[PDB]
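Just the one chain here, laid out as structure tokens, in the form deposited in one PDB entry.
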């Protein structure tokens, strides 16, 4: 059993990301996610090796807003227990959504050098960043990932090549999930 929280502002592409991570295909008709949605990634630990083993990784998309009232956040807090990894999702076209990752992470880790829970920062809508602005956008997200002591992936969740097997993105994703499993069990 493995529980990975998927955190981020509404509209950044969480449901699309989760769908790609669990089904290797693009989420075609994303609807507004009500409540906590859970999808399972059938994950090959140490993929491609003779010690390959299957784990069911639960991706918990709990939802909500960092601008919610205190009482709303307290009810959300019961979902943040027994967490084995966290994916922090931001929309690369919306600087507000990456800033809000600091609020999201504090909600969990207080209700970063000392944090032992593996973290992964994912920027979505990379396709929407003009080549003109890519250097500036990505320099900032590097600072973001370092603050969390986290690896970073930037991708287009609506392009199935984003996580194609053997791609650089797919390799980093497998490394993160293997680290989640290792810190939980080994």
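Residue numbers count along the first chain shown, from 1. In this text, rigid core is short for the largest set of C-alphas that superpose within 1.5 Å between two forms.
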| field | Missing coords for residue 73 in a third or more of other PDB entries | value | no
| message | Please determine whether residue 33 lacks coordinates in at least a third of the other PDB entries of this protein that model its flanking residues. | response | yes
| note | Here the number of deposited-sequence residues unresolved in the coordinates between residue 111 and residue 112 is 10 or more
| note | Going by the entry, of stretches 157 to 165 and 116 to 124 the one with greater average Cα B-factor is 157 to 165
| task | State which stretch shows the higher mean Cα B factor in the entry: 140 to 148 or 46 to 54. | result | 140 to 148
| task | Going by the recorded CA B-factors, say which third of the chain residue 174 sits in, lowest, middle or highest. | result | middle
| CA B-factor ranking of residue 73, expressed as a third of its chain | highest
| message | Splitting the chain's C-alpha B-factors into thirds, which one does residue 26 fall into? | response | highest
| request: Within this chain's modelled residues, let me know which third the CA B factor of residue 66 belongs to: lowest, middle or highest. | output: middle
| message | By the recorded C-alpha temperature factor, relative to the other modelled residues in its chain, which third is residue 40 in? | response | lowest
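Keep in mind that the form deposited in another entry is not shown, yet the notes after this line are about it.
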| said: Taking only shifts of 2 Å or more in Cα after a rigid core superposition between this form and the one not shown, tell me which of 137, 126, 144, 26 qualifies. | reply: 26
| query | Is it true that residue 159 shifts between this form and the one not shown by 2 Å or more at the Cα, once the core is aligned? | reply | no
| request: Compare the CA separation of residue 30 and residue 134 in that other deposited form with the one in the displayed structure, and answer closer or farther (the difference is at least 3 Å). | output: farther
| said: Can you confirm the direction of the Cα distance change for residue 32 and residue 87 in that other deposited form, closer or farther than in this form, given it is 3 Å or more? | reply: closer
